[PDB]
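>>> Model the structure of this input:
(2 chains)
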There are 2 protein chains.
Amino acid sequence: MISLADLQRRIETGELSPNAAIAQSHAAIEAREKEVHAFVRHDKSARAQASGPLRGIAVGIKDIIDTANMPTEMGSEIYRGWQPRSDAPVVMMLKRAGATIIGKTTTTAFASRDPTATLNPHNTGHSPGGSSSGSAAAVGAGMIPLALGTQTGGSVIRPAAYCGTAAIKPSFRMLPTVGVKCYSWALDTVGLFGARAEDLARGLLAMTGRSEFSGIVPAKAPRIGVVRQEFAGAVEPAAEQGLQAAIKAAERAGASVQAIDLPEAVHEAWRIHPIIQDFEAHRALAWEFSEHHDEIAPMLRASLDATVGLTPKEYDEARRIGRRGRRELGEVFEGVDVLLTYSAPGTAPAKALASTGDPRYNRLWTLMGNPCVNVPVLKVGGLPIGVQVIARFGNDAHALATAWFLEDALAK
Amino acid sequence: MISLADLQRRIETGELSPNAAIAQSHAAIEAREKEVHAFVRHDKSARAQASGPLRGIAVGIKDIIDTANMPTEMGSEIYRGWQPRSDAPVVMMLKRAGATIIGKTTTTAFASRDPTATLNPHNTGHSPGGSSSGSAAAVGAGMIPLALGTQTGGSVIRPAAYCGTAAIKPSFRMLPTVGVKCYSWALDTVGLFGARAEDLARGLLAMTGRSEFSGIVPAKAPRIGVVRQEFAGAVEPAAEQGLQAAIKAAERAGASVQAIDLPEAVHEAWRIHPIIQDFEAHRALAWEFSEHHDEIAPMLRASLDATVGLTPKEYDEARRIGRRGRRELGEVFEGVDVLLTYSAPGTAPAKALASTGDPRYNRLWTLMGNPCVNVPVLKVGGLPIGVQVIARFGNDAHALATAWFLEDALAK
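Numbering: from 1, shown residues only, chains lettered A, B, ... in the order given. The coordinates are given below.
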């Protein structure tokens, strides 16, 4: 995988020119795209900018995020050929920092369950996860140093885990979702994919300009609370094997690890995530459902058809439960620095299953809003398995810091 | 002005036909458009729908809100002829309820300070306010029974007061802003314009389907807290004339009125509203500012140019200040049901001043997020003056209930 930190360093000293770095990415995309299919559109003419911390840095953009120079098709036939007038604010944050938007990466239709044609870089017979399929696969295949995706359920952390890349779903609403196709406004969060936690920090620093992302260093003796999210049921063997390996490596590296049960209120929040999500989706995709119903990809069409009845009353109650969950979750972080849990149910599903994977181990955290970071741990049968590091809301820096610590601990 | 609730009742009993009601709006529009200039585009072919609570109800939509069958030009030459692919979720809420989207009402460029060509219905020589210029004007000129607008500063409450219409800026984030051009995501809130409080209530019931908007009746013996927002500056005589009149009428109606002071934390939130708004505006309009700078209307271009230096640090601090303000504001509602204050500095400015009016008595509330309702009170020199009713966050119903009580109180 291409390291954003490495490129920045070599570009800053003058060892690598911005143009050469971009040419590198075009070549890397050309090398594996015919086998992975991570891009909806690769702008072969994309050039490097001459200034900024991200000069010479190629970035892939999930196709539900607006671009003014390339189409944004939402992974749906309904938006085939659709060309937004402006670049979404998050896209502009990257461009103003000197980055090159090298192409639009694949997304499932409207960021839901319907699989894209993208294949897992580690084994093409498997799913790269979703809904940020192409962004995870592109980074995983060593095509680009950075990519943007989104998470409403587990569309950033799950695919990152399946593809063995580092990734972060920042604190809710920190990055604007303007120009980002909405599924659920109470949940949609923009995320980033990269080689390592350090790359994610560098990316957020250039995008936001916030000092909290400057000078991040691996955490020392982090106080970790292991949460297996029992309410979501047991995970597949590979995921547990990965968590156990992460725990052992953390303990050997000096971290204090303890198993913790989340408050009942939090379990309830996990239970109603679907209510909030599906109720809002009907409002957010109202035009599509009302005017192009049969044109909506099969799985999403089915889920929407099955939830037309969700009422404003049960929705409001769900939100109340969600808010209480966030409050009580904060109490958990009084005795621990970060939470460690699963990033997915197990290894990436075979493409034959027509599934991007169950988001059950990701959804609670999107609703709570906390910053989540995927840390690649190991591989079973050649397929990546990762773990999820979670910090207090707004403590993104420390989540990246602990993730970095975990990466080093796993490398020994 | 046309009453939505009136049309509803008559249509429901068969006393009035939906086609007749719609034909009446088309007529009212043509009757005074060449005088008011409230519409960017009037869809003369629009007809009444066959079912739903809003059948036969013509609705004007502020032109920063997406429509699939009509251009959405954002009041800017940059978006001339721009045609969104879909109808914004809030537009679909209206259509699904049976409403007729009769046209797009004028908006200042990107909903900022640049005046439109729309004139105040009460006096063609005066401004109708902004940024929802056309929606307030159209309703005030008796053209339509309902109109959608937005508020970031005071773009719903102020123009409503200027044009003498009822209007509500609901609790922040209740109505989705998907498909609504963003200025500041921490503030942008969709609002409604109507003849009276009752009309707004029926509109929200149809759009949201929430029981809280069903069966709303005038409030009884409301507990009112009068806040003149001294921290906002010196008010014009006309506005104080209206506030005193409202207080007198309320007291005579049985309301318990008392002047109260707002927590210093709240005064501070008012002070930093500009920091939040302008910093986010740069991110939200990054593409336009970077790629079409000289094409941005004069006044907005100047405000953006003057605020390019706002830092993430001071912005983050401003947001922290906003949160403290919200936290301490809640305590104020322990003794009073609603707060009562000015809706604008005074009477609508003359067009010659090239100003849509100062939002200083409005901005605080958009940041706090509480529901706000404008209640027309009286006229000075032929120009409307209203008062602003404010309820606790989430209590939009009570805000409307109390606004109703006030309208009838002023009606002696």
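
>>> and residue A:6, how many residues sit next to it?
15 (other CB atoms under 10 Å in any protein chain shown). Yep, even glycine has a C-beta here, placed from its N, CA and C like the rest.

>>> quick check, it in a helix?
Yes - assessed by DSSP: H, G, I helix; E, B strand; the rest coil, residue A:6 belongs to a helix.

>>> ok, it to residue A:160 distance?
19 Å (CB to CB, to the nearest Å).

>>> Ok, residue A:222 next?
Counting by CB to CB, the gap from residue A:222 to residue A:160 is 20 Å.

>>> ok, the two, which is more surrounded?
residue A:160 (39 against 25).

>>> Run through the residues that contact the more buried one.
Contacts were defined as CB atoms under 8 Å, 6 or more residues apart in numbering or on different chains; by that measure residue A:160 touches A:129, A:136, A:166, A:167, A:193, A:343, A:374, A:386.

>>> again, but for residue A:278
Neighbour list for residue A:278: A:303, A:304, A:307, A:310 [criterion: CB under 8 Å, 6+ apart].

>>> Tell me which helix or strand it sits in.
Residue A:278 belongs to helix A:264-284 when assigned by DSSP states H and E.

>>> Specify the local secondary structure of residue A:168.
strand.

>>> Shouldn't residue A:375 be within a helix?
No - secondary structure of residue A:375 (three-state DSSP): strand, not part of a helix.

>>> Verify the stated contact: it with residue A:408.
No - in this structure residue A:375 lies outside contact range of residue A:408 using CB atoms under 8 Å: 10.4 Å.

>>> more neighbours, these two?
For residue A:375 versus residue A:408, the count of surrounding residues by other CB under 10 Å is larger for residue A:375: 26 against 14.

>>> can you pull up the bridge partners for that one?
Taking DSSP bridges as the rule, residue A:375 bridges to residue A:387.

>>> do the one 4 residues further on as well
As for beta bridges, residue A:379 partners with residue A:384 under DSSP bridges.

>>> pretty sure it is in contact with residue A:386, am I right?
No - the pair residue A:379 / residue A:386 is not scored as a contact, 10.0 Å apart, by CB under 8 Å.

>>> Please name the nearest non-neighbouring residue to the residue nearest to the spatial centre of chain A.
Per CA atoms, centre = their mean, the C-alpha nearest to the average position across chain A is that of residue A:156, at 1.7 Å. What sits nearest to residue A:156 in space, not counting adjacent residues and going by CB to CB, 6 or more residues apart in numbering or on different chains, is residue A:191, at 3.4 Å.

>>> one step back: how about the residue nearest to the centre of chain A, phi and psi?
The phi and psi torsions at residue A:156 (degrees, to the nearest 10) take the values phi -110, psi -60.

>>> try residue A:150
For residue A:150, the backbone dihedrals (degrees, to the nearest 10) come out as phi -140, psi 160.

>>> got the residues of chain A near chain B?
Counting by CB under 8 Å from any CB of the partner chain, chain A comes close to chain B at A:68, A:79, A:82, A:85-87, A:89, A:91-93, A:95-96, A:173, A:176-178, A:182, A:185, A:208-211, A:280, A:283-284, A:286-288, A:290-291, A:311-313, A:316.

>>> sorry, back to before: what's the closest of the contacts of residue A:278 to chain B?
residue A:310 (10.9 Å; CB to the nearest CB).

>>> check contacts around the closest one.
Residue A:310 neighbours (CB under 8 Å, 6+ apart): A:275, A:278, A:279, A:282.

>>> ok, the first one - how many residues close by?
Same thing as residue A:275. As a burial measure, residue A:275 scores 20 neighbours (other CB under 10 Å).

>>> same thing with the last one?
Each residue near residue A:282 was counted by other CB under 10 Å, and the total is 19.
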